[PDB]
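Q: Here goes the first bit of my complex:
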Amino acid sequence: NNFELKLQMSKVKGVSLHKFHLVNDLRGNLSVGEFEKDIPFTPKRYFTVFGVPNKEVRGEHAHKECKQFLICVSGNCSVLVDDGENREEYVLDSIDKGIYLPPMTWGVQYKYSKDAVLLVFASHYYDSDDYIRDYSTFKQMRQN
């Protein structure tokens, strides 16, 4: 359903779901994305989450300025995105599926498979002060 087109918008504010160009041939397989085109920003940072125990739960934050883009490059994991009003779960289970999380998207990442690797591109360098880490505070900042 959710990642069938190259680009589709979530009900969750600003969140976009992406299907990256894929070449399958005799010699192997290749998926590709272009920054400022398929991923709607230029990254200053990347990180990878891996080796997550069975049923462990990560995230429970929103970012005030940092844009993020998530691709599960091995295995599978599930993501909940929440704009304060609307929330949805998406399953990142193939290398050509990506999800854009604009700033002020409360996100959780969970149900990682044993060999799952989540890749994240980030618009901003790492800054611990960019995080909102409790949900009620996030809700106040989302109010109209």
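A: Great, that's in hand. Numbers count the residues shown, from 1 in each chain, chains lettered A, B, ... in the order given.
Q: Pull the number of nearby residues for the residue lying closest to residue A:122 once chain neighbours are set aside.
A: Leaving aside its chain neighbours, residue A:122 sits nearest to residue A:45 (4.2 Å; criterion: Cβ to Cβ, 6 or more residues apart in numbering). For the C-beta atoms, the positions are set from N, CA and C on the backbone; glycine is no exception. Other residues near residue A:45 come to 14 when the count uses other Cβ atoms under 10 Å.
Q: What residues does residue A:45 make contact with?
A: Contact partners of residue A:45, counting by Cβ atoms under 8 Å, 6 or more residues apart in numbering, are A:121, A:122, A:124, A:125, A:126.
Q: cool, residue A:56 as well?
A: Residues in contact with residue A:56 (Cβ under 8 Å, 6+ apart) are A:110, A:112.
Q: Pull out the buried members of the contacts of residue A:45.
A: With neighbours counted by 16 or more other Cβ atoms under 10 Å, those contain buried members at A:121, A:122, A:124.
Q: how about those residues in CSV, adding distance to residue A:95 and secondary structure?
A: Below are the buried ones among the contacts of residue A:45 laid out as CSV (distance: Cβ to Cβ, whole Å; DSSP: H, G, I helix; E, B strand; the rest coil):
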residue, distance to residue A:95, secondary structure
A:121, 14, strand
A:122, 19, strand
A:124, 25, coil
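Q: quick one: which of those is nearest residue A:34?
A: Taking Cβ to Cβ as the measure, residue A:34 sits nearest to residue A:121 out of the buried ones among the contacts of residue A:45, at 11.8 Å.
Q: Go ahead and add chain B:
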Amino acid sequence: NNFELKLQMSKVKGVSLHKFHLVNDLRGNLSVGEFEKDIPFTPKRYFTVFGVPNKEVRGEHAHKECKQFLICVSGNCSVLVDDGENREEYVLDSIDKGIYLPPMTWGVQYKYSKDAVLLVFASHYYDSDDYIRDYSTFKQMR
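A: The block that follows adds chain B to the chains above:
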């Protein structure tokens, strides 16, 4: 012991081997790098190579302008790099290992494991004319 340190320079001109900041906790591992810091350029493109048959040999050419940065995020592969005078092989077998290929590095990726997934950051959008395919030309240029 090639990726022992945060940073080490290959004998192959301008090639650098990288070990990324890694934080483990009870919920697993996070490794991170920053563009124009640990990785010496900002990408315009990324690509992933996967499901490569074990006998395949990929590359055998160089780029005129495109900078690349390679991390094997799952499984293992080997990389051969050549500046025209020196050649070396490095094994990308862990997610916190990376290698920088500056322009005019004649490169090969091979010995992919069944489960290998190679992630590449590129400084330029895909360009079919960015390739140097004749080794003699490549050496002359260097």
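Q: can you check the neighbour count of residue A:45 again with chain B included?
A: 21 (other Cβ atoms under 10 Å in any protein chain shown).
Q: Same check on residue A:116?
A: A count of neighbours around residue A:116, defined by other Cβ under 10 Å, yields 23.
Q: ok, which stretches of chain A are strands?
A: Secondary structure of chain A by DSSP state E: the strands cover A:7-9, A:16-19, A:21-25, A:28-34, A:45-50, A:57-63, A:68-74, A:77-82, A:87-92, A:97-101, A:106-110, A:117-122, A:131-132.
Q: want to throw these into JSON lines with distance to residue A:139?
A: Output for these, formatted as JSON lines (distance: least, Cβ to Cβ, whole Å):
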{"stretch": "strand A:7-9", "distance to residue A:139": "23"}
{"stretch": "strand A:16-19", "distance to residue A:139": "23"}
{"stretch": "strand A:21-25", "distance to residue A:139": "38"}
{"stretch": "strand A:28-34", "distance to residue A:139": "32"}
{"stretch": "strand A:45-50", "distance to residue A:139": "26"}
{"stretch": "strand A:57-63", "distance to residue A:139": "10"}
{"stretch": "strand A:68-74", "distance to residue A:139": "20"}
{"stretch": "strand A:77-82", "distance to residue A:139": "10"}
{"stretch": "strand A:87-92", "distance to residue A:139": "12"}
{"stretch": "strand A:97-101", "distance to residue A:139": "17"}
{"stretch": "strand A:106-110", "distance to residue A:139": "9"}
{"stretch": "strand A:117-122", "distance to residue A:139": "24"}
{"stretch": "strand A:131-132", "distance to residue A:139": "10"}
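Q: Thanks a lot, catch you later.
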